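S.K.: Here goes the first bit of my complex:
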Amino acid sequence: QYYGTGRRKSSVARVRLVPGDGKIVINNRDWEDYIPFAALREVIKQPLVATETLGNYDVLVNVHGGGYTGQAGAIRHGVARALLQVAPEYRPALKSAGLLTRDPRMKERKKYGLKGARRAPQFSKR
């Protein structure tokens, strides 16, 4: 229950939320290991810190795809969409921090005549 499938870059994160103690499960693996950076760890709890429910629910995460930071962003959007399903009363609170928005930034495409997205080969006058 409480399905809040969220996305970031190339990552898709399906999150089912249940009341509990606060344990986070990612692909049948402890979340201390999957996310090594404590800096990447705080952003996971932003939807859980605007509303005081951090030590009340357990998240079961089955993410697939994207880089290690990619799942961190996609799991933040994952819980917020699922948490908003728990009670619509949280919408003004989460909207203030811009947590419902799905980030639209994606890596560009390479262009012919260019060495990347916008890099231009060195110009020589003469």
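M.R.: Sure thing, it's come through. Numbers count the residues shown, from 1 in each chain, chains lettered A, B, ... in the order given.

S.K.: residue contacts, residue A:84?
M.R.: A:4, A:90-91, A:94, A:100 (CB atoms under 8 Å, 6 or more residues apart in numbering). Every residue, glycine included, has its C-beta placed from N, CA and C.

S.K.: For residue A:75, state which of the residues you listed is nearest.
M.R.: Using CB to CB, residue A:4 is the member of those that sits closest to residue A:75, with 9.6 Å.

S.K.: how about the strands in chain A?
M.R.: All strands of chain A, identified by DSSP state E, fall at A:6-8, A:11-13, A:15-19, A:24-26, A:29-30, A:57-61.

S.K.: The third one relative to strand A:57-61, how many degrees between them?
M.R.: Comparing the axes of strand A:15-19 and strand A:57-61 via axes from the mean of the first three to the mean of the last three CA atoms, to 10 degrees yields an angle of 160 degrees.

S.K.: gap between the longest helix along chain A and the chain center?
M.R.: Counting by DSSP state H, the longest helix found in chain A is helix A:68-86. Chain-centre distance of helix A:68-86: 5 Å, with CA atoms, centre = their mean, to the nearest Å.

S.K.: Likewise for stretch A:26-42?
M.R.: Remark: stretch A:26-42 is offset 13 Å from the chain centroid, using CA atoms, centre = their mean.

S.K.: Buried residues, it. List them.
M.R.: Within stretch A:26-42, the residues that count as buried by 16 or more other CB atoms under 10 Å are A:26, A:31, A:34-35.

S.K.: show me what contacts the closest residue to residue A:20 other than its chain neighbours?
M.R.: Excluding the flanking residues, the one nearest residue A:20 by CB to CB, 6 or more residues apart in numbering is residue A:58, at 3.4 Å. Residue A:58 makes contact with A:17-25, according to CB under 8 Å, 6+ apart.

S.K.: likewise residue A:77?
M.R.: The neighbourhood of residue A:77, defined by CB under 8 Å, 6+ apart, consists of A:4, A:6-8, A:13, A:99-100, A:102.

S.K.: pull the CA atoms of stretch A:2-9 into CSV?
M.R.: C-alpha atoms of stretch A:2-9 as CSV (Å, rounded to 0.1, in the frame of the first residue of the first chain):
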residue,chain,number,x,y,z
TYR,A,2,0.9,3.7,-0.4
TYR,A,3,2.5,3.4,-3.8
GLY,A,4,4.5,6.5,-4.7
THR,A,5,6.6,5.6,-7.7
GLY,A,6,9.0,8.4,-8.3
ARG,A,7,11.7,9.1,-10.9
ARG,A,8,15.0,11.0,-11.2
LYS,A,9,17.3,11.1,-14.2
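
S.K.: here's chain B, drop it onto the model above:
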Amino acid sequence: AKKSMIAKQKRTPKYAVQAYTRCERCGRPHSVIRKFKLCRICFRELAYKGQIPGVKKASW
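M.R.: Once chain B is put in with the chains from before, the structure reads:
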């Protein structure tokens, strides 16, 4: 010196390594795609004409 060259490529060579690919319509050696067996020029000029199935100009 091209009519001789095209005829030479048709017949079997001494060894399998002498063989190579040539454009069917015009006959230039460079830049031939073996999906269509056309060179890069005949491919463009004839894809515009709507005669290569599936092929269409690519925006993305």
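
S.K.: Once more for the contacts of residue A:77, now including chain B?
M.R.: Residues counted as contacts of residue A:77 (CB atoms under 8 Å, 6 or more residues apart in numbering or on different chains) are A:4, A:6-8, A:13, A:99-100, A:102.

S.K.: my bad, residue B:42
M.R.: Neighbour list for residue B:42: B:23, B:25-26 [criterion: CB under 8 Å, 6+ apart].

S.K.: go on, residue B:25?
M.R.: By CB under 8 Å, 6+ apart, residue B:25 lies in contact with B:38-39, B:42, B:46.

S.K.: quick one on the thing from earlier: would you format the contacts of residue B:42 as CSV with distance to residue A:117 and secondary structure included?
M.R.: As requested, the contacts of residue B:42 are exported to CSV (distance: CB to CB, whole Å; DSSP: H, G, I helix; E, B strand; the rest coil):
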residue, distance to residue A:117, secondary structure
B:23, 34, coil
B:25, 37, coil
B:26, 36, coil
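
S.K.: Between the residues you listed, which sits nearest residue A:44?
M.R.: Among the contacts of residue B:42, and counting by CB to CB, the member closest to residue A:44 is residue B:23, at 58.6 Å.

S.K.: and that closest one, how many neighbours?
M.R.: Residue B:23: 21 surrounding residues under other CB atoms under 10 Å in any protein chain shown.

S.K.: swap in residue A:74?
M.R.: Using other CB under 10 Å, residue A:74 has 27 other residues around it.

S.K.: residues in contact with it?
M.R.: With CB under 8 Å, 6+ apart as the criterion, the residues that contact residue A:74 are A:6-9, A:11-13, A:63, A:66.

S.K.: now residue B:52
M.R.: Contacts of residue B:52 by CB under 8 Å, 6+ apart are B:36, B:43, B:46.

S.K.: Please apply the same query to residue B:38.
M.R.: Residue B:38 makes contact with B:23-25, B:32, B:46 under the criterion CB under 8 Å, 6+ apart.

S.K.: give me that answer again for 7 Å
M.R.: Taking CB atoms under 7 Å, 6 or more residues apart in numbering or on different chains as the contact definition, residue B:38 lies against B:23-25.

S.K.: ok so, going back, can you flag the buried ones in the contacts of residue A:77?
M.R.: A:4, A:6-8, A:13, A:99 (16 or more other CB atoms under 10 Å in any protein chain shown).

S.K.: what helix or strand is residue B:42 on?
M.R.: Using DSSP states H and E, residue B:42 sits in helix B:40-47.

S.K.: Roughly how far does the residue lying closest to residue B:34 once chain neighbours are set aside sit from residue B:1?
M.R.: Take residue B:34 and drop its neighbours on the chain: the residue closest to it by CB to CB, 6 or more residues apart in numbering or on different chains is residue B:21, 6.1 Å away. Distance, residue B:21 to residue B:1, by CB to CB, to the nearest Å: 19 Å.

S.K.: build in chain C:
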Amino acid sequence: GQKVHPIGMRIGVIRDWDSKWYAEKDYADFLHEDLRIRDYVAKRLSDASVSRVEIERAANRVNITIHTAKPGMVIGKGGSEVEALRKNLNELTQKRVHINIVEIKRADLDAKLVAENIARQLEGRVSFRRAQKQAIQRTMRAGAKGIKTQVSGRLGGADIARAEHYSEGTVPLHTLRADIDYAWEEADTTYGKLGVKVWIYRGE
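M.R.: One more piece, chain C, placed on the ones above:
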């Protein structure tokens, strides 16, 4: 400034490509067979005002339809010229070939047919200015909302080449819901080589 090919810009958007068949591992084998079929059709039917030819291939059977403005030479009283096609195509196709013939109504609306009629006059020692204008005023009665044509090359026997174009109507090239026809043809003269370009903004 160079212009994109008006036909090529619209393949798969509003129109459909001529040769419509599907095969894998036989692509280059089938594709160059069509290039051979078109070469022979364009040879014998040079004076029949044939414009559109498509290939309809299905399970070792070749189906071809001919769009003709004047099918009387292609089929009709003689009833024996069309059958020579299937007898003159079995040697290179090696497949059971069936040919169909379709009338072209309002032949002045087809950019292909307008092109050579302009072209055929150029080697008839007709002035380039007159030849284009006569075709422009003929097509406007047919129901087209636009036409503009140019002839470029050693123009009127001049040593220095130049291009001349005449337009009236509406020919929006950048619009994608346009349905604009296109044709380019060669005018074989004794002073050089000339080419004519014609594009018509059709009705719908």
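
S.K.: Please re-evaluate the contacts of residue B:25 in the presence of chain C.
M.R.: Counting by CB under 7 Å, 6+ apart, residue B:25 has contacts B:38, B:42.

S.K.: Tell me which residues of the longest helix of chain A come out buried.
M.R.: Result for helix A:68-86 [16+ other CB under 10 Å]: buried residues A:70-84, A:86.

S.K.: ok, now stretch C:124-135?
M.R.: Across stretch C:124-135, burial judged by 16+ other CB under 10 Å covers C:128, C:131-132, C:135.

S.K.: send the alpha carbons of it over as CSV?
M.R.: Provided in CSV are the C-alpha atoms of stretch C:124-135 (Å, rounded to 0.1, in the frame of the first residue of the first chain):
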residue,chain,number,x,y,z
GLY,C,124,12.3,22.9,-79.3
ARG,C,125,13.9,26.3,-79.4
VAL,C,126,11.1,27.9,-77.3
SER,C,127,12.0,30.9,-75.1
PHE,C,128,12.4,30.1,-71.5
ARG,C,129,10.2,33.0,-70.3
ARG,C,130,7.2,31.8,-72.4
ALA,C,131,7.5,28.1,-71.6
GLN,C,132,7.2,28.7,-67.8
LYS,C,133,4.4,31.2,-68.0
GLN,C,134,2.3,29.0,-70.3
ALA,C,135,2.5,26.2,-67.7
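
S.K.: what does that stretch contact?
M.R.: Stretch C:124-135 is contacted by residues C:114, C:117-118, C:121-122, C:149, C:151, C:155-156, C:164, C:166 when judged by CB under 7 Å, 6+ apart.

S.K.: rewinding a little: just give me the closest of the buried residues of helix A:68-86 to chain B.
M.R.: residue A:70 (22.7 Å; CB to the nearest CB).

S.K.: Setting aside sequence neighbours, what's the nearest residue to that closest one?
M.R.: Closest residue to residue A:70 apart from its sequence neighbours, by CB to CB, 6+ apart: residue A:11 at 3.8 Å.

S.K.: Roughly how far does that neighbour sit from residue C:172?
M.R.: 44 Å.

S.K.: Check residue C:8 too.
M.R.: 17 Å.

S.K.: more crowded one of those two?
M.R.: The neighbour count for residue C:8 versus residue C:172, taken as other CB under 10 Å, is higher for residue C:8 (18 against 12).

S.K.: What distance do you get for that one to residue A:97?
M.R.: The gap separating residue C:8 from residue A:97 is 50 Å, by CB to CB.

S.K.: Tell me who's in contact with residue C:118.
M.R.: Residue C:118 makes contact with C:131-132, C:135, C:149, C:196, C:198, according to CB under 7 Å, 6+ apart.

S.K.: how about a cut-off of 6 Å?
M.R.: Contacts for residue C:118 (CB atoms under 6 Å, 6 or more residues apart in numbering or on different chains) come out as C:131, C:135, C:196.
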